[PDB]
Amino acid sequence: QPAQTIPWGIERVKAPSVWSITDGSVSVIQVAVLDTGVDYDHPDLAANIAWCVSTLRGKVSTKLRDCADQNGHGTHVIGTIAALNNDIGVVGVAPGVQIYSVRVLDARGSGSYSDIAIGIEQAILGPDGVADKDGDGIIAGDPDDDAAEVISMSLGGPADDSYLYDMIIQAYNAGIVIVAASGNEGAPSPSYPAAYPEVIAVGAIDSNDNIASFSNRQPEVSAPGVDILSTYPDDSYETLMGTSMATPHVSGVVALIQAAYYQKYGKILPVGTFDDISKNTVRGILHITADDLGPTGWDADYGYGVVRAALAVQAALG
């Protein structure tokens, strides 16, 4: 394996300076990545994969060959969030965070809306199959349960499926932050599920801080999405571009916020809304600590701006 290097995007979102506070390894926190699966034994990922599950064809399976990444996309996305900080490869935004790989897309990167909807449900239910095991009414942020705290969806299209949406609503109401790619058609508004109000739409910038021409407009925030090196099967590394690469940077920032907030207060922050500019919710923190590029304020290219982990965590703990 190659010596570790830090992809430009990880520095752009100001992650490394947070690690002293937390690298995401606060045990209650998991990030669920709904994608093409994961190279579960990749040396730069394996210790962070807590669950490798597939919902393809309406069958929930943890058979390794069913959950493994047969495309590369999911492994790349996961590495942006959580590649280990060690002597090899790359390093994620939250390099200590536990990951649930929820395979909702096939070897070609395609998926049915029912399989994605089931994947959302599985992020809530978690490995043990039960939403609220101790019956205390808390799901996300409860160390007695195994629900994820972030759902990261580097997938999207023009179709709005109410069954899939109802699952997103369920997750949001359980306290789970949902993050998704704005899309790559240079369209005037985001793809679904990014376009749902319960979901953070993420646009992509390049290494010059310019928004990528393919980035679907009107995102909520933006993040590195061009020339993104990350993990790839088999035990390898690859460079990709897309709002699917921007998305995990934001999910990683969210994981850091929630890990740090819990580490200090023993609870997590509420998800929040698109309009929130307070420091009382995750979304509010993301919006007010983002590097505000473009026209001042929220704008159709950058959204509220480029996410910044160090500032977000400081805001959460202040």
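The first residue of the sequence shown is number 1, and the count goes up from there.
Stretch comparison (155 to 163 versus 117 to 125) by mean CA B-factor in the PDB entry places 155 to 163 on top. For the segment pair 136 to 144 and 75 to 83, the entry gives 136 to 144 the higher mean B-factor, averaged over Cα atoms. Of the candidates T36, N280, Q258, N48, it is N280 whose Cα B-factor is highest according to the PDB record. By the numbers in the PDB entry, the CA B factor is greatest at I21 among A309, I10, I21, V306. In the deposited entry, the Cα temperature factor of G252 places it in the lowest third of its chain's modelled residues. In the deposited entry, the Cα temperature factor of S230 places it in the lowest third of its chain's modelled residues. In the deposited entry, the Cα temperature factor of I211 places it in the highest third of its chain's modelled residues. Per-chain ranking of the deposited C-alpha B factor places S112 in the highest third. The deposited CA B-factor of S222 belongs to the lowest third of values across its chain.
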